[PDB]
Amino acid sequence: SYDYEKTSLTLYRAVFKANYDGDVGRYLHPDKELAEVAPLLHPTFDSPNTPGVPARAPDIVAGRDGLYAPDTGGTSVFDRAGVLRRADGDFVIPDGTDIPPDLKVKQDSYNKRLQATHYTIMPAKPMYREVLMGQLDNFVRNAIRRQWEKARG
(Lines of atoms letter the chains of each structure in order from A and count residues from 1; the text may use other names and numbers.)
(Lines give C-alpha, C1' and ligand atoms only; values in the text may rest on other atoms or scores of the structure.)
Protein backbone atom coordinates (compact mmCIF):
# COMPACT_ATOMS: atom_id res chain seq x y z
CA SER A 1 0.00 0.00 0.00
CA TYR A 2 0.96 3.59 -0.77
CA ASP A 3 -0.73 6.82 0.46
CA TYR A 4 -0.96 9.69 -1.98
CA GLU A 5 -3.12 12.51 -0.64
CA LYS A 6 -3.41 12.52 3.11
CA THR A 7 -1.79 10.30 5.67
CA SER A 8 -4.22 7.95 7.36
CA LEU A 9 -2.11 7.30 10.38
CA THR A 10 0.18 9.15 12.75
CA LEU A 11 3.85 8.59 11.82
CA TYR A 12 6.98 9.50 13.79
CA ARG A 13 10.47 10.46 12.53
CA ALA A 14 13.40 9.96 14.89
CA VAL A 15 15.42 13.16 15.43
CA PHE A 16 19.09 12.96 16.32
CA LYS A 17 19.96 16.56 17.18
CA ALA A 18 23.60 15.86 16.33
CA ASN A 19 22.67 15.41 12.64
CA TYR A 20 21.56 19.05 12.21
CA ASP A 21 23.50 22.35 11.77
CA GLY A 22 21.35 24.40 14.19
CA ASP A 23 18.89 23.59 17.00
CA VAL A 24 15.91 21.37 16.11
CA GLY A 25 14.40 21.04 19.61
CA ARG A 26 11.90 23.66 18.34
CA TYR A 27 10.42 20.98 16.08
CA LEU A 28 9.53 18.45 18.84
CA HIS A 29 6.65 20.65 20.09
CA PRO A 30 6.51 23.24 17.33
CA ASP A 31 4.76 26.62 17.18
CA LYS A 32 4.44 28.56 13.82
CA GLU A 33 7.54 27.18 12.19
CA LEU A 34 5.79 27.17 8.81
CA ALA A 35 7.18 30.50 7.68
CA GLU A 36 13.67 28.19 6.13
CA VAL A 37 13.03 24.78 7.76
CA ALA A 38 15.21 22.06 9.16
CA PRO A 39 15.60 19.05 6.80
CA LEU A 40 13.89 16.63 9.18
CA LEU A 41 12.48 14.27 6.60
CA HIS A 42 15.50 14.40 4.28
CA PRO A 43 17.03 11.03 3.69
CA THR A 44 20.78 10.48 3.56
CA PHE A 45 21.99 10.64 -0.04
CA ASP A 46 25.47 9.23 0.37
CA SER A 47 27.73 7.15 2.50
CA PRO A 48 30.62 9.36 3.54
CA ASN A 49 34.09 7.79 3.35
CA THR A 50 35.07 7.47 7.04
CA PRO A 51 38.08 5.07 7.35
CA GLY A 52 37.68 2.31 9.95
CA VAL A 53 33.86 2.76 9.96
CA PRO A 54 32.03 0.44 7.51
CA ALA A 55 30.01 2.24 4.85
CA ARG A 56 26.47 3.34 5.76
CA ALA A 57 24.00 2.48 2.92
CA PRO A 58 22.24 5.66 1.62
CA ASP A 59 18.55 5.80 2.43
CA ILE A 60 17.79 6.62 -1.22
CA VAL A 61 19.81 6.30 -4.44
CA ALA A 62 19.54 7.99 -7.86
CA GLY A 63 19.75 6.41 -11.30
CA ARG A 64 22.83 7.27 -13.44
CA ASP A 65 20.70 10.07 -15.00
CA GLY A 66 20.56 11.83 -11.55
CA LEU A 67 16.83 11.07 -11.05
CA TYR A 68 15.39 9.61 -7.83
CA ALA A 69 12.76 7.06 -8.87
CA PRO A 70 10.09 5.43 -6.65
CA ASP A 71 10.81 2.26 -4.59
CA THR A 72 14.49 2.93 -4.41
CA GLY A 73 14.55 3.85 -0.73
CA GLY A 74 13.45 7.02 1.03
CA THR A 75 12.92 8.53 4.47
CA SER A 76 12.12 6.15 7.35
CA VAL A 77 9.25 6.75 9.72
CA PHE A 78 7.30 4.47 12.08
CA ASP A 79 3.79 4.22 13.53
CA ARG A 80 4.78 4.71 17.15
CA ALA A 81 7.19 6.88 19.15
CA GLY A 82 10.54 6.09 20.68
CA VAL A 83 11.34 3.23 18.29
CA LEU A 84 14.87 4.52 18.19
CA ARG A 85 15.76 4.64 21.88
CA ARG A 86 18.87 6.73 21.47
CA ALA A 87 17.15 9.62 19.60
CA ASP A 88 16.43 12.96 21.27
CA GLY A 89 12.80 12.70 20.26
CA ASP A 90 10.26 12.29 17.52
CA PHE A 91 8.99 14.71 15.01
CA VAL A 92 5.26 13.88 14.60
CA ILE A 93 3.37 13.60 11.29
CA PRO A 94 -0.23 13.40 12.36
CA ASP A 95 -2.92 11.33 10.75
CA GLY A 96 -4.51 13.68 8.20
CA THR A 97 -1.34 15.51 7.11
CA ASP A 98 -1.28 16.60 3.46
CA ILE A 99 1.21 14.73 1.36
CA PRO A 100 3.06 16.92 -1.13
CA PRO A 101 1.82 16.21 -4.66
CA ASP A 102 4.83 14.31 -6.02
CA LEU A 103 5.60 12.22 -2.91
CA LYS A 104 4.03 9.12 -1.51
CA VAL A 105 4.25 7.13 1.69
CA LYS A 106 4.67 3.40 1.43
CA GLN A 107 3.68 0.94 4.12
CA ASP A 108 6.41 -1.66 4.40
CA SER A 109 6.45 -4.53 6.89
CA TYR A 110 5.95 -4.86 10.59
CA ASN A 111 9.36 -5.09 12.16
CA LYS A 112 9.33 -7.58 15.06
CA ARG A 113 12.62 -6.51 16.61
CA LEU A 114 11.29 -2.97 16.83
CA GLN A 115 7.66 -3.86 17.30
CA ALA A 116 6.58 -1.18 14.94
CA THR A 117 5.55 -0.92 11.37
CA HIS A 118 7.98 0.83 9.06
CA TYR A 119 6.97 3.34 6.38
CA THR A 120 8.90 5.12 3.61
CA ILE A 121 8.33 8.58 2.26
CA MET A 122 9.52 8.40 -1.34
CA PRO A 123 9.15 10.15 -4.70
CA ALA A 124 5.98 9.27 -6.66
CA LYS A 125 7.77 9.98 -9.95
CA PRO A 126 11.37 10.36 -11.05
CA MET A 127 12.82 13.61 -9.75
CA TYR A 128 16.09 15.45 -9.15
CA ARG A 129 17.39 15.88 -5.64
CA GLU A 130 16.44 19.55 -5.27
CA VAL A 131 12.80 18.91 -6.15
CA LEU A 132 12.64 16.01 -3.64
CA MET A 133 14.24 18.04 -0.86
CA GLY A 134 11.75 20.82 -1.66
CA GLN A 135 8.79 18.52 -1.29
CA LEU A 136 10.13 17.06 1.93
CA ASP A 137 10.39 20.62 3.36
CA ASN A 138 6.73 21.22 2.45
CA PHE A 139 5.89 17.92 4.09
CA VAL A 140 7.41 19.17 7.36
CA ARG A 141 5.39 22.38 7.09
CA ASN A 142 2.15 20.47 6.35
CA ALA A 143 2.77 18.36 9.43
CA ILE A 144 3.16 21.40 11.68
CA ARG A 145 -0.04 23.06 10.30
CA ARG A 146 -1.80 19.72 10.87
CA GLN A 147 -0.52 19.53 14.48
CA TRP A 148 -2.27 22.86 15.24
CA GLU A 149 -5.50 21.94 13.37
CA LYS A 150 -5.64 18.76 15.39
CA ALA A 151 -5.06 20.73 18.61
CA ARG A 152 -8.00 23.07 17.73
CA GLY A 153 -10.19 19.91 17.07
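Just count from 1 along the sequence shown to find any residue number.
Participant: Count, per the entry, the deposited residues between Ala35 and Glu36 that are not modelled, and return the matching class: none, 1 to 3, 4 to 9, or 10 or more.
Facilitator: Per the record, 1 to 3 deposited residues are absent between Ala35 and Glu36.
Participant: Comparing average C-alpha B factors as deposited, tell me which of 41-49 and 114-122 sits higher.
Facilitator: According to the entry, 41-49 carries the higher average C-alpha B-factor.
Participant: Using the B-factors recorded in the PDB entry, average over the C-alpha atoms of 3-11 and of 144-152, then report which stretch comes out higher.
Facilitator: Higher mean C-alpha B-factor: 144-152.
Participant: Looking at the C-alpha B-factor values in the deposited entry, which of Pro54, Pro94, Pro70, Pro100 comes out highest?
Facilitator: Across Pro54, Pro94, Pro70, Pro100, the entry lists the biggest C-alpha B-factor for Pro54.
Participant: Ranking every modelled residue in this chain by its Cα temperature factor as given in the entry, which third contains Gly89?
Facilitator: It falls in the middle third of the chain.
Participant: Where does the C-alpha B-factor of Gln135 rank in its chain, lowest, middle or highest third?
Facilitator: Lowest third.
Participant: If you rank every modelled residue in this chain by C-alpha B factor, which third holds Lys104: lowest, middle or highest?
Facilitator: It belongs to the lowest third of the chain when residues are ordered by C-alpha B-factor.
Participant: Give the position of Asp65 by CA B-factor within its chain, expressed as the lowest, middle or highest third.
Facilitator: According to the entry, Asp65 has a C-alpha B-factor in the chain's middle third.
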